[PDB]
Amino acid sequence: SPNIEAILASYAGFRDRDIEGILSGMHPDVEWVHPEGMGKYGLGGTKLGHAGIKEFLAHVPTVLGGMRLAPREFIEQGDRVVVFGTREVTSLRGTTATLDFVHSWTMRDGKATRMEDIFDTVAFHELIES
Ligand SMILES: O=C1C(O)=C(c2ccccc2)[C@H](O)C(O)=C1c1ccccc1
């Protein structure tokens, strides 16, 4: 399916620490959204476009030692896809946790116009501070 394979190309880019692969599913106008409760670490709110994603990704190593995604379920209807999964998150002190994620994708002409990450920010903060 065409929306799904563009989403997978992006997840593959993340797996391979490959920004070009990540953007290979994103529209230039894409909206990149993370919970407002990550504002304390400078990772909340909306970033715009390919440049905004790079800004976000350049900040992450300031907060975390590592992250690995495991998408598990894809629910699709139209230009919307919701992906449920887990991720391994490593703190700057080497502590590692498995946490849940939901990615809500909005597509058009085969690329993402919006990707929003929704997750338990308290549990995430607890990992960051451990
Ligand atoms: O690129 C990230 C990112 O770096 C993550 C993150 C890091 C720190 C705090 C909150 C989220 C997400 O784990 C993560 O799903 C993404 C991602 C989503 C879709 C395609 C490619 C990558």
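Note that the numbering runs from 1 along the sequence shown for the chain. Atom set for the values below is all heavy atoms of this structure, side chains included, hydrogens, waters and symmetry mates excluded. Remember, it's 1-based here, ligands and their atoms both numbered in the order they're listed.
Applying the side chain to side chain contact (heavy atoms under 4.5 Å, CB included) test to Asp117 and every residue at least two apart in sequence or in another chain returns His34, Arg87, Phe101, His103, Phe119.
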Under 3.5 Å, which donor-acceptor pairs link side chains of residues 38-46 to any protein atom two or more places apart or in another chain?
residue : atom : partner : partner atom : Å
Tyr41   : OH   : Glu129  : OE2          : 2.7

Using a 3.5 Å cut-off on N/O to N/O, what pairs does ligand 1 make with the protein? A line per pair would be great.
residue  : atom   : partner : partner atom : Å
ligand 1 : 13 (O) : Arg87   : NH1          : 2.7
ligand 1 : 15 (O) : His103  : NE2          : 2.9

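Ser130 and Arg93 are not linked by any side-chain donor-acceptor pair at a separation below 3.5 angstrom, with hydrogens and angles left out of the test.
The side chain to side chain donor-acceptor pair (under 3.5 Å) contacts involving residues 51-64 comprise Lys47-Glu55, where partners must be two or more places apart or lie in separate chains.
In terms of heavy atoms, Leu127 sits closest to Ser91 at O-CB, 3.5 Å.
Checked options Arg68, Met67, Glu88; the residue passing with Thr96 is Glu88 (criterion: side chain to side chain contact (heavy atoms under 4.5 Å, CB included)).
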